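Worksheet for the structure shown next.
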Amino acid sequence: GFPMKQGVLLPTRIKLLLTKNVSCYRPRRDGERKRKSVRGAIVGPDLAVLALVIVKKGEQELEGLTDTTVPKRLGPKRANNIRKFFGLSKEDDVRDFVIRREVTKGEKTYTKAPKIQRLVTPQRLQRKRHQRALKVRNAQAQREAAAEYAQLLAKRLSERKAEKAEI
Amino acid sequence: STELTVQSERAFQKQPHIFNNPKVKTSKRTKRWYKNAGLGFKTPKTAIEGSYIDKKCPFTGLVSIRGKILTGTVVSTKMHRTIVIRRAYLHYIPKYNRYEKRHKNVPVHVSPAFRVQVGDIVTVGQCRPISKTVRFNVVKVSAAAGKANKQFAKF
Amino acid sequence: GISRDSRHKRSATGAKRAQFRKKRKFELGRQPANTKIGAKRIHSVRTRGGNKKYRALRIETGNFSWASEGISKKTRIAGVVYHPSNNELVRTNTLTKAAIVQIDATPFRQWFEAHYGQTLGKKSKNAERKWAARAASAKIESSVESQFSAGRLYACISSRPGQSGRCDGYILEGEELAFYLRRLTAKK
Amino acid sequence: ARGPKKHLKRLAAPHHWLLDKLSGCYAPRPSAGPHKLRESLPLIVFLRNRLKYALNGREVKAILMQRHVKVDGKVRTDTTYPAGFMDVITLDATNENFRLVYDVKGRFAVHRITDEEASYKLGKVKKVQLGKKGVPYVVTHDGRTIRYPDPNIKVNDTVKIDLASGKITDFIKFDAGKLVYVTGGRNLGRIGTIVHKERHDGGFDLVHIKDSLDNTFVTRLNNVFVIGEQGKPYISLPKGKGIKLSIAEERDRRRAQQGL
RNA sequence: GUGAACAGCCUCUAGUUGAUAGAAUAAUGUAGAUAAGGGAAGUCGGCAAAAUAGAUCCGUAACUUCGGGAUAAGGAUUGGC
RNA sequence: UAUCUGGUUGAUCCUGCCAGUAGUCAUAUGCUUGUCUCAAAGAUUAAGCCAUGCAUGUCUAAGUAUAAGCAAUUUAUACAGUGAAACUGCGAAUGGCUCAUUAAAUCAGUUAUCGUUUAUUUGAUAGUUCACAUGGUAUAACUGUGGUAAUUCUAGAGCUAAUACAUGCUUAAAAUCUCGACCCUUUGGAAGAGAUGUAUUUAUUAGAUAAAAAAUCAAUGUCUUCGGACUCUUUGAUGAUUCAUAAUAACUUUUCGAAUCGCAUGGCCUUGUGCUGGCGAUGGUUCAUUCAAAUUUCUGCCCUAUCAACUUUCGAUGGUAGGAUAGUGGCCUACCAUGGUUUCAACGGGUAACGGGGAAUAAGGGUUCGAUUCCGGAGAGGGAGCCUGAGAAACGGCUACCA
RNA sequence: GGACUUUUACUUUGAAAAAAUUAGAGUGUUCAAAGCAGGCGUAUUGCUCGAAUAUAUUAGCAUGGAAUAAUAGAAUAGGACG
RNA sequence: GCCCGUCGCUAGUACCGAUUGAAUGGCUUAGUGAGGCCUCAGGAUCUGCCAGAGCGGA
Ligand SMILES: CN[C@@H]1[C@@H](O)[C@@H](O[C@@H]2[C@@H](O)[C@H](O[C@H]3O[C@H](CN)CC[C@H]3N)[C@@H](N)C[C@H]2N)OC[C@]1(C)O
Ligand SMILES: [Mg+2]
Ligand SMILES: [Mg+2]
Ligand SMILES: [Mg+2]
Ligand SMILES: [Mg+2]
Ligand SMILES: [Mg+2]
Ligand SMILES: [Mg+2]
Ligand SMILES: [Mg+2]
Ligand SMILES: [Mg+2]
Ligand SMILES: [Mg+2]
Ligand SMILES: [Mg+2]
Ligand SMILES: [Mg+2]
Ligand SMILES: [Mg+2]
Ligand SMILES: [Mg+2]
Ligand SMILES: [Mg+2]
Ligand SMILES: [Mg+2]
Ligand SMILES: [Mg+2]
Ligand SMILES: [Mg+2]
Ligand SMILES: [Mg+2]
Ligand SMILES: [Mg+2]
Ligand SMILES: [Mg+2]
Ligand SMILES: [Mg+2]
Ligand SMILES: [Mg+2]
Ligand SMILES: [Mg+2]
Ligand SMILES: [Mg+2]
Ligand SMILES: [Mg+2]
Ligand SMILES: [Mg+2]
Ligand SMILES: [Mg+2]
Ligand SMILES: [Mg+2]
Ligand SMILES: [Mg+2]
Ligand SMILES: [Mg+2]
Ligand SMILES: [Mg+2]
Ligand SMILES: [Mg+2]
Ligand SMILES: [Mg+2]
Ligand SMILES: [Mg+2]
Ligand SMILES: [Mg+2]
Ligand SMILES: [Mg+2]
Ligand SMILES: [Mg+2]
Ligand SMILES: [Mg+2]
Ligand SMILES: [Mg+2]
Ligand SMILES: [Mg+2]
Ligand SMILES: [Mg+2]
Ligand SMILES: [Mg+2]
Ligand SMILES: [Mg+2]
Ligand SMILES: [Mg+2]
Ligand SMILES: [Mg+2]
Ligand SMILES: [Mg+2]
Ligand SMILES: [Mg+2]
Ligand SMILES: [Mg+2]
Ligand SMILES: [Mg+2]
Ligand SMILES: [Mg+2]
Ligand SMILES: [Mg+2]
Ligand SMILES: [Mg+2]
Ligand SMILES: [Mg+2]
Ligand SMILES: [Mg+2]
Ligand SMILES: [Mg+2]
Ligand SMILES: [Mg+2]
């Protein structure tokens, strides 16, 4: 049952150290590395099973493979992803261009669809406008508070020059 | 110790960030930074008049004196730019209601501001760790002779 | 791994100390960068508390200041002529703090003969203006001057390249450049 | 020991909390915040043991999660929040306003104030530093960073604070003859008047104090919190106003008037 | 010349190339070699044989007539440029 | 709460022990056992070994839902209720257990950080960046086709998201700097062009005060009442700094400066789906604060000389330089010096030794104990090594060895 | 703030000192070991005392003391004051 | 009367003692040396700035 991990260049099974972001290993803790037993990448009589992907068709259709056909699972979700599945540029208003899936509860047959993420909304510009707002509205108020000091200290120095008259 | 060569190390010895501009011609040569260590301690003249370098000198160097301050007499001058003092003290045994003589030998780095001799009492301020042994630094020298003169020639 | 603990070593009395507890990740130490010249390549140590550090090895360029000219220009590093710690660093041309290199002089020569116009060693309207407001300060030093003919200037590395990833420093000048000048050709 | 400790065993709990030996295992651990672990009251010890409004801890959260509690105007929904000296706890139901302040015996007091007095509070400047880009900032025993202050404010002084905004509305210097609050030391909780301060270059300035019964003592400069000018406190003092009768003079007060 | 050396190995001067000869290459011999794994089981007996080996640096027990035992034992190192 | 009695002689008074007597927050054992309240307990031997179960998980109006999930009705042809799984985040470094180690170690009281790191909490802090009606893919769950006696093992194929992954726009006023096309001869003056947030590395300048005045040399500031003249604008903290902070020249596989989410939806016309705006969530750099951490100053241990010299192969003591670390430091490395401890007991050996709070015994003085409910330290069979992370040299994490 | 100061032992006082333990005030857990509670009316809409105190020592810091006991000084004056 | 030493019976404890004795625990020269980490490389296949080409990223 030991899988093939490409890159080893061996007919033989060898043990390795497996990490995040490599196959044959599903790390069960943060930073967990585990020593597992990988089967080599070169084919041999020793394999119970082999995995093959068809690069080109052939003069004979194959029963459960070329003859039949499957649907994809889910349609585009991200806005521009629907936009670039259908090729709509940014005008065409991808809302009604979302894909919808049916289902039926005891003749009640119903509808559902994605929620288009990274959609441009009126709500979403209200925040953007608000952010450039706070940042400038804050900016100047600190300049005035700075002038309150430049007045408080400079008019403290006009108290210190006028007390020289008391001397 | 110290007391010549100023440059004797393969490294060029200099104070950090104290710059003598070559184009601006000075008749004093060296521009020498110092401070007063504080805690009511005179930064001595020789720290200013001196030509020396050492960065473990609490007056011209980058170590700061803080924490304990200690009295003790110098038993060993044998190390260059550090020395060991014997601070004695008495220990009270409650059962017998008496005292027993103890001592603790404190290595302390002596800046080359001072000429220290064996037998001279010394005041010593605490500083950051300097060497493996030395957490303390010579600050004030309390004995200028310690019988040195009473030995004299015949006549 | 490496441990900077004093729990090893010995007493001041010269007593063997027993092994107490274990190594902790916070007593830790790491390998020397042994940073070199050529082909900039740098790895980043992730240190205690976030705090990336930057491992120089193979840096061919760094920012060097002209001490008495108040200006700084990045150059090439041409080698290492000296080092106070181990001579093997000069031989291997390894880059460390207080390591004596040679740099370029051309970014400094391009800038001096612009800011001044005095053509080391060897017409515009407002140009001759400030050129004349200058000089009197154009004398420099014979020992920095004569260097410029060779096309390489004696600098000193003031940074920690394995720590900071940058090789920076100042041009040897005045008393330092005078001193290394002795050991430089009293060793060579 | 491999990390920060997240519990408190209820013995090592600070005793000015006045928590009973049994009935539990652990104290609540005061969270990080304005006030230090040793010196602080968590709202749970307040809303439960002091004010007896909440019997559980379960009730203390079921309360705080209604926003009812708030400190210095902010709502403060965290149970272990490290409330402490000078803090103003305002229940909007019951319209109660408390300032957290010390008895003479050294604990925190349950001491009410007006709807008005609630809106300002003192704090002691713990250092005066020049911040980034020139702005000098002052910072207080309760952890408030306040910028653009009066250059005549120095360390160990005290400050009036707005609590709506945070600005300084007045500053009381540290000079001989000021009303003073003792936070820390055995004398903690005693009050007022500062006869002298002994220098001691090298740390730990001693401060003599005389209350007005004309009793005298000393504490650390660090333990001196300037509360105002002689005879006039800037905030409402509690019953007894930090005098300290001896165990006999407190024995006659109890063995005479109240009750029998 | 190598080297501690008048050792061994190679050389210069000189002096020989003298000792029956040819052709084969069985056994058995004389003289010299090497043997997988085991390691004295062989044998009166380790007979024979093998292993050791120089230098530089480290390290060295009983015991002793204190002179020794000692190269004890046991280690590391070694070219070229 | 200051107590003795019995035992050597034929008798005697002594020495001196045995024995008697008393208590024990001290274990064990034996006989016997009705009640209330309180409640220690596999420490001592063996930190010896372990079957099984359980002991660490986690979601708000508010980072990602198209479950082929349930459920609504009830407004939602993008979504919206509720919500397994999975991604994202955080936690898993606390707790709990044990005392093996450990005798200048730990620990305790007392110091130090002008020697360092710190998630978080709390308080401050951001107009400066070159499709902005908001830019790119690449994946789990899932789907389906699979291998193995065997595990929280996973392979191949087909989808699809983000506060994951990786990119990348933006904003006022002014000012100081450099360059500088021209004309201009005079103390000469100039349109216009760039640069300037923050963070990083370096170097240089400021960061004054110790009481008062003068000539000269180069550069070069601000006023002419045209010869000359000229500042009482900066002055922060500490016992003390190269400190806080500031400025100049550059440097950078440029750190950060919101491509985020919940509620509500209200103005304002010059009517463009134009331009605005509420209550708060999560973030984000720096500084402080807090929660911590790591070192650290003085002084303090049991028995032992049938342990008297110890330390420096191969760091012992110190210097210089670099490397390294979060940082100081022989922490390591090069060259250099010959140093450091001890009869005031070093060094060594032992400890049926973790240290402290405390415990028993009640003239005082002492003696004896403390594995154990609190603090500190160590460890998770023995050793080392390490990933993740603010935090571990973690063990209910991994890797290796030995068992 | 400047400029200097022979250094010690001792004894005074103080500041800084975890809880629990202990000593001990308060409170009638029905007594009691305990515990730190509780105690009062107008017991249908509240009032209110509490949770004291002391011990902590050797060392460290701060301070009054100048006896007892050490310590240094002027003699080949290289002495003191100006 | 008391009383001593060899000799002799019985029991117990310790000592010396060939076995170049044995065991436990801890340090250690030398030899060999897993492992992760740093570093010099490498480059199953897969992307960057439909004949094809340059130099950076995974
Ligand atoms: C061997 N014979 C005995 C020996 O057994 C021993 O006996 C005495 C005995 O005589 C004493 O006791 C005698 O004398 C006492 C005089 N007051 C009274 C009691 C009586 N039995 C005992 N107290 C002690 C023994 N060790 O001492 C004396 C002895 C003669 O040597
Ligand atoms: Mg940081
Ligand atoms: Mg102070
Ligand atoms: Mg201090
Ligand atoms: Mg020879
Ligand atoms: Mg020969
Ligand atoms: Mg012939
Ligand atoms: Mg013959
Ligand atoms: Mg023949
Ligand atoms: Mg023939
Ligand atoms: Mg033959
Ligand atoms: Mg052969
Ligand atoms: Mg063989
Ligand atoms: Mg063999
Ligand atoms: Mg053999
Ligand atoms: Mg044989
Ligand atoms: Mg044999
Ligand atoms: Mg035989
Ligand atoms: Mg025989
Ligand atoms: Mg024989
Ligand atoms: Mg033989
Ligand atoms: Mg051999
Ligand atoms: Mg041999
Ligand atoms: Mg060769
Ligand atoms: Mg009993
Ligand atoms: Mg009965
Ligand atoms: Mg056990
Ligand atoms: Mg076990
Ligand atoms: Mg929902
Ligand atoms: Mg998760
Ligand atoms: Mg724990
Ligand atoms: Mg132990
Ligand atoms: Mg914040
Ligand atoms: Mg984020
Ligand atoms: Mg000064
Ligand atoms: Mg600096
Ligand atoms: Mg700075
Ligand atoms: Mg969203
Ligand atoms: Mg050194
Ligand atoms: Mg360091
Ligand atoms: Mg033990
Ligand atoms: Mg003990
Ligand atoms: Mg005790
Ligand atoms: Mg204990
Ligand atoms: Mg137990
Ligand atoms: Mg541990
Ligand atoms: Mg072992
Ligand atoms: Mg071991
Ligand atoms: Mg472990
Ligand atoms: Mg476990
Ligand atoms: Mg655990
Ligand atoms: Mg074995
Ligand atoms: Mg074993
Ligand atoms: Mg005690
Ligand atoms: Mg007899
Ligand atoms: Mg025996
Ligand atoms: Mg070895």
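Ligands are numbered from 1 in the order shown, chains are lettered A, B, ... in the order of the structure tokens, and residues start at 1 in each chain.
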
Residues of chain C within 8 Å of chain F, only C-alpha atoms (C1' of nucleotides) counted, as JSON, numbers by chain: {"C": [1, 3, 4, 5, 6, 9, 12, 13, 14, 15, 20, 21, 22, 23, 24, 25, 26, 27, 28, 29, 30, 31, 32, 42, 48, 49, 50, 62, 63, 64, 65, 66, 67, 68, 70, 71, 72, 73, 74, 84, 85, 86, 87, 96, 97, 98, 126, 136, 158, 159, 164, 166, 168, 169, 170]}

Which residues are close to residue 62 in chain G, i.e. within 10 Å by only C-alpha atoms (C1' of nucleotides), leaving aside same-chain residues fewer than 2 positions away? Reply as a PDB file with N, CA, C and O atoms (P, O5', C5', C4', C3', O3' and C1' of nucleotides), in the first residue's frame.
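Final output, saved to selection35.pdb:
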```
ATOM      1  N   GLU D 198      14.063  62.990  51.555  1.00  0.00           N
ATOM      2  CA  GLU D 198      15.507  62.801  51.678  1.00  0.00           C
ATOM      3  C   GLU D 198      16.091  62.268  50.373  1.00  0.00           C
ATOM      4  O   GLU D 198      15.608  61.268  49.833  1.00  0.00           O
ATOM      5  N   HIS D 200      19.228  60.892  48.676  1.00  0.00           N
ATOM      6  CA  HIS D 200      19.776  59.560  48.392  1.00  0.00           C
ATOM      7  C   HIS D 200      19.981  59.343  46.888  1.00  0.00           C
ATOM      8  O   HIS D 200      19.247  58.607  46.222  1.00  0.00           O
ATOM      9  N   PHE D 204      15.799  55.185  46.005  1.00  0.00           N
ATOM     10  CA  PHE D 204      14.949  55.071  47.188  1.00  0.00           C
ATOM     11  C   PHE D 204      15.000  56.347  48.028  1.00  0.00           C
ATOM     12  O   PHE D 204      15.661  56.423  49.065  1.00  0.00           O
ATOM     13  N   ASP D 205      14.327  57.378  47.511  1.00  0.00           N
ATOM     14  CA  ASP D 205      14.140  58.616  48.261  1.00  0.00           C
ATOM     15  C   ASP D 205      13.120  58.404  49.373  1.00  0.00           C
ATOM     16  O   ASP D 205      11.983  57.988  49.116  1.00  0.00           O
ATOM     17  N   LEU D 206      13.515  58.704  50.603  1.00  0.00           N
ATOM     18  CA  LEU D 206      12.600  58.628  51.730  1.00  0.00           C
ATOM     19  C   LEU D 206      11.759  59.897  51.792  1.00  0.00           C
ATOM     20  O   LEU D 206      12.237  60.992  51.486  1.00  0.00           O
TER      21      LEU D 206
ATOM     22  P     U G  13      15.564  50.577  68.491  1.00  0.00           P
ATOM     23  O5'   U G  13      15.071  51.532  67.327  1.00  0.00           O
ATOM     24  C5'   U G  13      14.523  52.797  67.632  1.00  0.00           C
ATOM     25  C4'   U G  13      14.437  53.640  66.396  1.00  0.00           C
ATOM     26  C3'   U G  13      13.672  53.017  65.249  1.00  0.00           C
ATOM     27  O3'   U G  13      12.274  53.168  65.388  1.00  0.00           O
ATOM     28  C1'   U G  13      15.707  53.927  64.454  1.00  0.00           C
ATOM     29  P     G G  14      11.283  52.076  64.758  1.00  0.00           P
ATOM     30  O5'   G G  14      11.454  52.304  63.193  1.00  0.00           O
ATOM     31  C5'   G G  14      11.043  53.535  62.629  1.00  0.00           C
ATOM     32  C4'   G G  14      11.658  53.820  61.280  1.00  0.00           C
ATOM     33  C3'   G G  14      11.169  53.001  60.109  1.00  0.00           C
ATOM     34  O3'   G G  14       9.864  53.358  59.704  1.00  0.00           O
ATOM     35  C1'   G G  14      13.505  53.339  59.936  1.00  0.00           C
ATOM     36  P     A G  15       8.829  52.220  59.249  1.00  0.00           P
ATOM     37  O5'   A G  15       9.023  52.177  57.669  1.00  0.00           O
ATOM     38  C5'   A G  15       9.093  53.392  56.935  1.00  0.00           C
ATOM     39  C4'   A G  15       9.923  53.278  55.679  1.00  0.00           C
ATOM     40  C3'   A G  15       9.600  52.110  54.766  1.00  0.00           C
ATOM     41  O3'   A G  15       8.485  52.390  53.946  1.00  0.00           O
ATOM     42  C1'   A G  15      11.953  52.328  55.002  1.00  0.00           C
TER      43        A G  15
END
```

I need the residues in chain C that are strand (DSSP E or B) according to DSSP; give them as a PyMOL selection string. chain C and resi 2-3+10+16+28-29+41-43+46+52+54-57+61-66+71-76+79-82+100-102+154-157+169-171

Name all residues at most 6 Å from range 60-64 of chain B (count only C-alpha atoms (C1' of nucleotides); drop same-chain ones fewer than 6 positions away) and give them as a PyMOL selection string. (chain B and resi 34+127) or (chain F and resi 114)

Pull out every residue of chain H sitting within 12 Å of chain A, counting only C-alpha atoms (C1' of nucleotides), and send them as a ChimeraX atom specification. /H:35-36,43-45

Output file for the residues above (N, CA and C atoms (P, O5', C5', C4', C3', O3' and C1' of nucleotides), as a PDB file, in the first residue's frame):
```pdb
ATOM      1  P     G H  35      21.531   9.000   9.531  1.00  0.00           P
ATOM      2  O5'   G H  35      20.853  10.102  10.460  1.00  0.00           O
ATOM      3  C5'   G H  35      19.561   9.897  11.007  1.00  0.00           C
ATOM      4  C4'   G H  35      19.317  10.828  12.162  1.00  0.00           C
ATOM      5  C3'   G H  35      19.189  12.286  11.799  1.00  0.00           C
ATOM      6  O3'   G H  35      17.913  12.605  11.285  1.00  0.00           O
ATOM      7  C1'   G H  35      20.630  12.068  13.654  1.00  0.00           C
ATOM      8  P     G H  36      17.797  13.135   9.778  1.00  0.00           P
ATOM      9  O5'   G H  36      17.752  14.727   9.913  1.00  0.00           O
ATOM     10  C5'   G H  36      16.554  15.407  10.264  1.00  0.00           C
ATOM     11  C4'   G H  36      16.744  16.296  11.469  1.00  0.00           C
ATOM     12  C3'   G H  36      17.332  17.672  11.210  1.00  0.00           C
ATOM     13  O3'   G H  36      16.406  18.616  10.729  1.00  0.00           O
ATOM     14  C1'   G H  36      18.541  16.686  12.923  1.00  0.00           C
ATOM     15  P     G H  43      21.594  19.686 -12.062  1.00  0.00           P
ATOM     16  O5'   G H  43      20.142  19.171 -12.436  1.00  0.00           O
ATOM     17  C5'   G H  43      19.610  18.017 -11.806  1.00  0.00           C
ATOM     18  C4'   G H  43      18.220  18.272 -11.290  1.00  0.00           C
ATOM     19  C3'   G H  43      17.303  19.049 -12.236  1.00  0.00           C
ATOM     20  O3'   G H  43      15.992  18.497 -12.207  1.00  0.00           O
ATOM     21  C1'   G H  43      17.443  20.165 -10.144  1.00  0.00           C
ATOM     22  P     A H  44      15.310  18.047 -13.584  1.00  0.00           P
ATOM     23  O5'   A H  44      14.260  16.943 -13.144  1.00  0.00           O
ATOM     24  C5'   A H  44      14.610  15.986 -12.165  1.00  0.00           C
ATOM     25  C4'   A H  44      13.562  14.916 -12.050  1.00  0.00           C
ATOM     26  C3'   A H  44      12.228  15.215 -12.713  1.00  0.00           C
ATOM     27  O3'   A H  44      12.245  14.965 -14.105  1.00  0.00           O
ATOM     28  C1'   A H  44      11.857  14.388 -10.534  1.00  0.00           C
ATOM     29  P     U H  45      11.130  15.606 -15.066  1.00  0.00           P
ATOM     30  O5'   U H  45      10.070  16.273 -14.075  1.00  0.00           O
ATOM     31  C5'   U H  45       8.766  15.720 -13.903  1.00  0.00           C
ATOM     32  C4'   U H  45       7.845  16.676 -13.190  1.00  0.00           C
ATOM     33  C3'   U H  45       7.135  17.681 -14.099  1.00  0.00           C
ATOM     34  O3'   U H  45       5.874  18.024 -13.515  1.00  0.00           O
ATOM     35  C1'   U H  45       8.473  18.844 -12.563  1.00  0.00           C
TER      36        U H  45
END
```

Please identify every residue of chain D that has at least one atom no farther than 7 Å from an atom of chain F, counting only C-alpha atoms (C1' of nucleotides), and for each give the shortest atom pair and the distance in Å to one decimal, arranged by chain then increasing number, as JSON lines.
```
{"residue": "D:2", "atom": "CA", "partner": "F:93", "partner_atom": "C1'", "distance": 4.7}
{"residue": "D:3", "atom": "CA", "partner": "F:93", "partner_atom": "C1'", "distance": 4.8}
{"residue": "D:4", "atom": "CA", "partner": "F:292", "partner_atom": "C1'", "distance": 5.2}
{"residue": "D:5", "atom": "CA", "partner": "F:94", "partner_atom": "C1'", "distance": 6.0}
{"residue": "D:6", "atom": "CA", "partner": "F:94", "partner_atom": "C1'", "distance": 5.2}
{"residue": "D:7", "atom": "CA", "partner": "F:94", "partner_atom": "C1'", "distance": 6.9}
{"residue": "D:11", "atom": "CA", "partner": "F:374", "partner_atom": "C1'", "distance": 6.6}
{"residue": "D:12", "atom": "CA", "partner": "F:374", "partner_atom": "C1'", "distance": 6.5}
{"residue": "D:31", "atom": "CA", "partner": "F:121", "partner_atom": "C1'", "distance": 6.6}
{"residue": "D:32", "atom": "CA", "partner": "F:121", "partner_atom": "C1'", "distance": 4.1}
{"residue": "D:33", "atom": "CA", "partner": "F:122", "partner_atom": "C1'", "distance": 4.3}
{"residue": "D:34", "atom": "CA", "partner": "F:122", "partner_atom": "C1'", "distance": 5.1}
{"residue": "D:35", "atom": "CA", "partner": "F:290", "partner_atom": "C1'", "distance": 7.0}
{"residue": "D:36", "atom": "CA", "partner": "F:290", "partner_atom": "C1'", "distance": 6.7}
{"residue": "D:129", "atom": "CA", "partner": "F:244", "partner_atom": "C1'", "distance": 6.4}
{"residue": "D:130", "atom": "CA", "partner": "F:244", "partner_atom": "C1'", "distance": 5.7}
{"residue": "D:131", "atom": "CA", "partner": "F:245", "partner_atom": "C1'", "distance": 6.9}
{"residue": "D:132", "atom": "CA", "partner": "F:245", "partner_atom": "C1'", "distance": 6.9}
{"residue": "D:134", "atom": "CA", "partner": "F:245", "partner_atom": "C1'", "distance": 6.0}
{"residue": "D:143", "atom": "CA", "partner": "F:289", "partner_atom": "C1'", "distance": 5.1}
{"residue": "D:144", "atom": "CA", "partner": "F:123", "partner_atom": "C1'", "distance": 4.6}
{"residue": "D:145", "atom": "CA", "partner": "F:123", "partner_atom": "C1'", "distance": 5.0}
{"residue": "D:201", "atom": "CA", "partner": "F:239", "partner_atom": "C1'", "distance": 4.9}
{"residue": "D:202", "atom": "CA", "partner": "F:239", "partner_atom": "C1'", "distance": 5.7}
```

Any residue with an atom at most 9 Å from ligand 38 counts, using only C-alpha atoms (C1' of nucleotides) and all ligand atoms. Which are they? Put them as a ChimeraX atom specification. /A:115-118 /F:63-64,162,260-261

Selection to disk with C-alpha atoms (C1' of nucleotides), as a PDB file, in the first residue's frame:
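The file below, part-v1.pdb, is the result:
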```pdb
ATOM      1  CA  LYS A 115     -21.881  34.485  -2.700  1.00  0.00           C
ATOM      2  CA  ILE A 116     -19.698  36.439  -5.079  1.00  0.00           C
ATOM      3  CA  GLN A 117     -16.579  37.388  -3.156  1.00  0.00           C
ATOM      4  CA  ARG A 118     -14.469  40.481  -3.838  1.00  0.00           C
TER       5      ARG A 118
ATOM      6  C1'   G F  63     -12.153  36.324   8.337  1.00  0.00           C
ATOM      7  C1'   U F  64     -13.844  31.544   4.208  1.00  0.00           C
ATOM      8  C1'   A F 162     -10.261  33.976   2.350  1.00  0.00           C
ATOM      9  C1'   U F 260     -10.793  42.996   5.156  1.00  0.00           C
ATOM     10  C1'   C F 261     -15.752  42.078   7.883  1.00  0.00           C
TER      11        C F 261
END
```

Could the residues of chain E that have an atom at most 12 Å from ligand 24 be listed as CSV, each with its closest atom pair and the distance in Å to one decimal, counting only C-alpha atoms (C1' of nucleotides) and all ligand atoms and ordered by chain and ascending residue number?
```
residue,atom,partner,partner_atom_place_in_ligand_line,distance
E:79,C1',ligand 24,1 (Mg),5.9
E:80,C1',ligand 24,1 (Mg),4.3
E:81,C1',ligand 24,1 (Mg),8.7
```

C-alpha atoms (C1' of nucleotides) of the current selection, written as a PDB file, in the first residue's frame:
```pdb
ATOM      1  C1'   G E  79      53.412  12.254   1.621  1.00  0.00           C
ATOM      2  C1'   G E  80      53.463  16.337  -1.775  1.00  0.00           C
ATOM      3  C1'   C E  81      53.500  21.417  -2.618  1.00  0.00           C
TER       4        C E  81
END
```

Contacts between chain D and chain B, please, where a residue of chain B counts if it comes within 12 Å (with only C-alpha atoms); show its shortest atom pair and distance in Å to one decimal, rows by chain and ascending number, as CSV.
```
residue,atom,partner,partner_atom,distance
B:38,CA,D:201,CA,9.3
B:39,CA,D:201,CA,6.7
B:40,CA,D:201,CA,8.6
B:41,CA,D:201,CA,11.8
B:65,CA,D:202,CA,10.9
B:66,CA,D:202,CA,8.3
B:67,CA,D:202,CA,8.2
B:68,CA,D:202,CA,9.6
B:69,CA,D:202,CA,10.3
B:125,CA,D:202,CA,11.9
```

Which residues form the shell of 12 Å around ligand 34 when you count only C-alpha atoms (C1' of nucleotides) and all ligand atoms, given as an MDAnalysis selection string? chainID F and resid 63 88:89 162:165 258:260 282:284

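Residue-level DSSP output for range 30-120 of chain B, from the backbone, shows alpha helix (DSSP H) at residues 46, 47, 48 and 49 of chain B.
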
Would you mind listing the residues within 9 Å of ligand 21, counting only C-alpha atoms (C1' of nucleotides) and all ligand atoms, as a list in words?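 Sorted by chain and then by number, the residues are residues 46, 47, 48 and 49 of chain E.
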
Show which residues sit within 12 Å of residue 227 in chain D, as a PyMOL selection string. Count only C-alpha atoms (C1' of nucleotides), and ignore same-chain residues fewer than 2 positions away. chain D and resi 86+101+121-124+156-160+170-175+177-183+190-194+224-225+229-237

Counting only C-alpha atoms (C1' of nucleotides), a student should be able to say which residues of chain D come within 8 Å of chain G; what is the right answer, written as an MDAnalysis selection string? chainID D and resid 11:15 18 20 185 206 218:220 247 254 258:259

Kindly provide, as a PyMOL selection string, the residues of chain G having any atom no farther than 9 Å from an atom of chain B, counting only C-alpha atoms (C1' of nucleotides). chain G and resi 6-7+9+58+76+78

Please identify the residues whose atoms come within 12 Å of ligand 11, using only C-alpha atoms (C1' of nucleotides) and all ligand atoms, and report them as a ChimeraX atom specification. /E:24-27,29
